[PDB]
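Below is one structure, written out as structure tokens, with a few remarks after it.
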Amino acid sequence: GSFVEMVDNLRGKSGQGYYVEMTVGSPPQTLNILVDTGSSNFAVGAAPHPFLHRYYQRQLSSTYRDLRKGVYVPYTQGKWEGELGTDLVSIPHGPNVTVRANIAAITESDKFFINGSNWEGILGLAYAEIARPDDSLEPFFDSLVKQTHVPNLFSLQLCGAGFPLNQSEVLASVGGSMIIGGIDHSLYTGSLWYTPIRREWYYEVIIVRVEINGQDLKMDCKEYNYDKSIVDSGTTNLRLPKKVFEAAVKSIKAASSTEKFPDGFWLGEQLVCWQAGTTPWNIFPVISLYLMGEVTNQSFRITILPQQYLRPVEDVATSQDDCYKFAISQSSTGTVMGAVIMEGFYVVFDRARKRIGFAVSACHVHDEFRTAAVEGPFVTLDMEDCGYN
Amino acid sequence: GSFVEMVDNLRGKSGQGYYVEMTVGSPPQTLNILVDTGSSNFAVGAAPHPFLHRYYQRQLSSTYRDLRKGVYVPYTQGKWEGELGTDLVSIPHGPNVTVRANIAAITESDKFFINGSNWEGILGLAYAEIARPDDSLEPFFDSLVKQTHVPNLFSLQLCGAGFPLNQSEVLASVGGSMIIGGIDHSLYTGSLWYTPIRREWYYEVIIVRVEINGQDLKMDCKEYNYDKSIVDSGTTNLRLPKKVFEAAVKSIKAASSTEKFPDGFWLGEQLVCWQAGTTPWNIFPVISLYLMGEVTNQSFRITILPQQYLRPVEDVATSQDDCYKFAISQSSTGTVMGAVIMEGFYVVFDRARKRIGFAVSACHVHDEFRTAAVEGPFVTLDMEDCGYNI
Ligand SMILES: COc1cccc(-c2cccc([C@]3(C)CC(=O)N(C)C(N)=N3)c2)c1
Ligand SMILES: COc1cccc(-c2cccc([C@]3(C)CC(=O)N(C)C(N)=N3)c2)c1
């Protein structure tokens, strides 16, 4: 019920990613690696890059094995490309094991590495179905479970500070915990509620109802999951399908109407600032996402505060004002429950029982009047119909 | 053909430079001078060097004037040092005028002069902003325009042979034309299309779209001009910013995938050879660069063939094979539309109207199936956003 060695093993923030220390090769080469539930490749910088101060040097590892195969991962105006191989991998603040795992050695990239993120690679924690070049490239977690006795589960506690962390602060601050092979009860309060993993590719889930300050968004529930809904620690925002996004922004604007904000704010592009300590949290609504339960015709809900969906950012003038960006944005690839949502909760990726658990996080940001919540059950019918085909 | 006295006044090739004959001093001293749109100094060898068979002898010129100032010019590879002065300068196959111009007399150099290039100096045709030591040293063309009635424009037709030229052939062959003060209609076909000169320092332009065999490279257009894009007759290759180069090479490899080439070829280091006459031009893609037009929201494109981007080179075994080097390479200083690109086109440097014109060259190398092209217009929005800002 406690995994002391793994508690507080994460660093980072929602805007740039949460990462864990890993070692690759013999002798071990230490790297900081993005914890990414939204992808399935273990890919590390393996050549000089202006944003990297270290990278994987294959020629210095006696245990390096060349798979003699390339891998190309393009995004919309950007990419990563590399060379496949295998090597011995360990997680210093993880299970006391060493695994032989696939590694994509990144040789070229465009708009991939982030200046000041402090990470040099990515740990794709999702399933083989979405691994590149194809599903035959076993993901890291699959190798870890196959080669050791580590239980087939991991849990994430991502801790948003609630205020901007400068360069030195973010390197010194504890950003959360990745518990590998278990659940640590000190990381959450209340009960854990589980939603089924719909299909094993991304960590896909089904949203059955959406509320803004208890008011039903009242859309056909298939809209909420068009074309899928996923839990992604590697996405900053809560991202919503176009139609859902438009309806949600209209409702959030209506609820917060006592103050008017420029359109650039609602586009997640420009910041909004208030005098130190005067952020008007109470004018912004809570957002409730109802998820399919494990029991027939039953759902539960997770409730998010503006302390989660308003992302703290430093002002251009580095003033004493408290500034934020709107961390809800449009998607054309379905709902994405990103880092800003995960920061409210302790999230259990129970691969063994094909389900994801949510509980209120012991590190979520709130105020004296409202708290994030995980509650249930609720009677909900035809929930399978909310899934898109 | 309105400028017969200037037509065919160039010699040289893309690998070593195109040069024009000039005279300096009184009595005139003849020198061959690199035509360089990528720099702004008129600099000539003025002391013995192993690769020079002649140089400027200031002590023999009655019109020489010493400016009593030194100049130090380092490049990526190579550098030179000189002594500044002025003298009377003429272009025998040029306008029939004589002008007093600044001259940097090169007294010391390292990896600057090229063995067998046949040129003894450089004619920097770009703007004062990039002149050395600073912008107060008036460039040659500025002096020419100020002192005479020559219109503020020049045009270049660089003629690539399409095959290697030995030492004897390169000296006897016509390498192209530099028309000073005008546009000669015999040097091009079709229409001239103009792109704005973004800023007067280098001949800076803005590329708004890139295609490989009609397939959009699909990069943010700012990437194509990061940190600038220039037209440089003094650069051999088409040079592209790192990310653009990586994307272009991947696409060129994919288009030419029926034949595999070693990594050294794509690095522009090693040659590739085919049996005489069998170069598989058709497997290589055409490359289109769209440039900002003179009209709002309008662009045009220039299309080049592998006959431009594959530079003919003599085989190591001087065999009968047709050999080439890949003449596209990476840059950390922005896009450079070098000589191999300019060989496809007649290029008008319209300084008076702050614009550069392109038209299909009457001397471009092609095959029976494809030709280089200059076409337009194309509707293109937010082109100003393609320009880079520090
Ligand atoms: C909160 O997590 C992040 C914050 C900023 C950037 C990234 C990030 C950077 C580069 C690649 C990824 C990626 C592999 C690809 C991607 O687009 N997503 C959404 C993802 N989950 N992982 C993330 C993660
Ligand atoms: C096609 O033009 C050339 C081919 C080979 C070499 C040169 C050349 C040699 C020495 C200096 C220059 C220079 C003055 C400096 C430079 O690096 N570039 C790119 C330039 N435009 N002119 C060119 C020109």
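Numbered from 1 within each chain, the chains take letters A, B, ... in sequence-line order. No hydrogens, no waters, no symmetry mates; every other heavy atom, side chains included, goes into these values.
No donor-acceptor pair closer than 3.5 Å links the side chain of A:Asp66 to the backbone N or O of A:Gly85. Using a distance-only test at 3.5 Å, with no hydrogens or angles considered, no donor-acceptor pair links the side chain of A:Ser39 to the main chain of A:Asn41. With hydrogens and angles disregarded, a donor-acceptor distance shorter than 3.5 Å links the side chain of A:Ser61 to the backbone of A:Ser26. Panel note: side chain A:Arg311, backbone A:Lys325; no donor-acceptor pair is recorded below 3.5 Å.
The shortest non-hydrogen separation linking A:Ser251 to A:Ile212 is OG-CB, 3.2 Å. The two residues A:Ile197 and A:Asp350 come nearest to each other via the heavy atoms CD1-O, 4.3 Å. Contact record, A:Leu165 with A:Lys13: O-NZ, 3.5 Å, taken as the closest heavy-atom pair.
For A:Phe113 and A:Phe51, the ring centers sit 6.0 Å or farther from each other. No close placement of the A:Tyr127 and A:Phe141 rings is indicated, their centers lying 6.0 Å or farther apart.
Considering CG of A:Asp385 and CG of A:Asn225, their distance stands at 11.5 Å, rounded to 0.5 Å. Atoms OG1 and CG, from A:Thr235 and A:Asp36 in turn, are 7.5 Å apart once rounded to the nearest 0.5 Å. Atoms CZ and OG, on A:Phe300 and A:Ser191 in that order, are 11.5 Å from each other to the nearest 0.5 Å. Here the OG1 atom belonging to A:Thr30 is positioned 6.0 Å from the CZ atom belonging to A:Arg54, to the nearest 0.5 angstrom. Atom CZ of A:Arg132 sits about 9.5 Å away from atom OH of A:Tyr72, to the nearest 0.5 Å. Atom OG of residue A:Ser177 and atom CG of residue A:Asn9 lie 6.0 Å apart, to the nearest 0.5 angstrom.
One side chain, A:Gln307 or A:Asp367, offers a donor N or O that lies under 3.5 Å from an acceptor on the other. Side-chain N/O atoms of A:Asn118 and A:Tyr19 include a donor and acceptor closer than 3.5 Å.
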side-chain contact (heavy atoms from CB on, under 4.5 Å) evaluation trace for A:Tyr290 with A:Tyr224: CA-CA 11 Å; A:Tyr290 286 71; A:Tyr224 303 143; over 6 Å; no
A:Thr303 and A:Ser288: CA distance, side-chain angles, deciding distance, side chain to side chain donor-acceptor pair (under 3.5 Å) verdict: CA-CA 4 Å; A:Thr303 306; A:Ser288 300; 3.0 Å; yes
Test log, rule side-chain contact (heavy atoms from CB on, under 4.5 Å), inputs A:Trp193 and A:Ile302: CA-CA 9 Å; A:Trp193 283 82; A:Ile302 64 173; over 6 Å; no
Step-by-step side-chain contact (heavy atoms from CB on, under 4.5 Å) determination, A:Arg100 to A:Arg65: CA-CA 10 Å; A:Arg100 181 162 292 266; A:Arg65 288 172 179 185; 3.4 Å; yes
Steps toward salt bridge (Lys or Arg N to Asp or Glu O under 4.0 Å) verdict (A:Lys228, A:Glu204): CA-CA 7 Å; A:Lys228 60 182 177 293; A:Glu204 192 185 359; over 6 Å; no
Step-by-step side-chain contact (heavy atoms from CB on, under 4.5 Å) determination, A:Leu305 to A:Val286: CA-CA 5 Å; A:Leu305 304 185; A:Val286 299; 3.6 Å; yes
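Residue-environment remark: NZ (B:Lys242) exceeds the threshold of 12 foreign heavy atoms within 6.0 Å. At most 12 heavy atoms of other shown residues, nucleotides or ligands fall within 6.0 angstrom of atom CD in A:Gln275. Within a 6.0 Å sphere centred on CD of A:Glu384, other residues, nucleotides and ligands contribute 12 heavy atoms or fewer. Other residues, nucleotides and ligands place more than 12 heavy atoms under 6.0 Å from the CD atom of A:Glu246. Counted within 6.0 Å of CG on A:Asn96, heavy atoms from surrounding residues, nucleotides or ligands total 12 or fewer; the atom is thus considered open. A:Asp263 CG: 12 or fewer foreign heavy atoms inside a 6.0 Å radius. A:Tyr75 OH: more than 12 foreign heavy atoms inside a 6.0 Å radius. Other residues, nucleotides and ligands contribute at most 12 non-hydrogen atoms within 6.0 Å of the OH atom of A:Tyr226.
A ring-ring contact (aromatic ring centres under 6.0 Å, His included) with A:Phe261 is found for exactly one of A:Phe326, A:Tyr324, A:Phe284, namely A:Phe284.
In this structure the side chain of A:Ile106 never reaches within 4.5 angstrom of the side chain of A:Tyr55, judged on heavy atoms. At least one side-chain heavy atom of A:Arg370 sits less than 4.5 Å from a side-chain heavy atom of A:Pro306. Residues A:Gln308 and A:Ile287 are not in side-chain contact: their nearest non-hydrogen atoms beyond the backbone lie 4.5 Å or more apart. Looking only at side-chain heavy atoms (C-beta outward), A:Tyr346 and A:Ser155 come within less than 4.5 Å of each other. Within the 4.5 Å cutoff, no side-chain heavy atoms of A:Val249 are placed close to those of A:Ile328.
Ion pairing between a basic and an acidic side chain is recognised when a charged N comes within 4.0 Å of a carboxylate O; A:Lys79 and A:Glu108 show such pairing. Electrostatic pairing of A:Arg58 and A:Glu83 counts as a salt bridge here, judged by a charged N lying under 4.0 Å from a carboxylate O.
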